[PDB]
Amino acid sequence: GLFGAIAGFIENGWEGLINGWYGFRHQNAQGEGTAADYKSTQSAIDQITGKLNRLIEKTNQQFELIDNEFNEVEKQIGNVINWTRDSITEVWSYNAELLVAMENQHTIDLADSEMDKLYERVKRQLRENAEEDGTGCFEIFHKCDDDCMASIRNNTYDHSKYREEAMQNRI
């Protein structure tokens, strides 16, 4: 995992969340509902996109033939050229395999980061009005209607509005 969220305390992800990478799934009086978090999604996409823009890019270094495929060059220089080329092929094959492995490990860890980042943002919005259930959910210890859930999502939820209600419910 690293960060411990994806493939971790969040056992499994959601095939039905299709407007984003991360999202919320609530349950209240009016019933269940699902919505994607744009900001955390756009943060991950922007960062992965940045890796892509860095690799998908123009080598402007021209190379020319030193070799001849039709009328073969002198055997000694040819063998040096072949040895030299093969040596460089080893280098680039290594450089490429490692780049990808390293980039991939980071890309997985980065996406895990943005999940942990969002979970802990919500945890903090809820102050002492909720409790971590251990699986990626908060037991919201007060009544939270469709407008209130929306306040959690768009980062306007005022905890001191529901604190007294929740303090009480927690006992």
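The first residue of the shown sequence is 1; numbering continues from there.
- When the C-alpha B-factors of 119 to 127 and 63 to 71 are averaged, 119 to 127 comes out higher.
- Taking only CA atoms, the mean B-factor in the PDB entry is higher for 131 to 139 than for the other of 131 to 139 and 109 to 117.
- When the modelled residues of the chain are ordered by C-alpha B-factor, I56 sits in the highest third.
- In the PDB entry, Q27 places in the highest third of its chain by CA B-factor.
- In the deposited entry, the Cα temperature factor of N104 places it in the lowest third of its chain's modelled residues.
- When the CA B factors of the chain's modelled residues are split into thirds, the value for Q47 lands in the lowest one.
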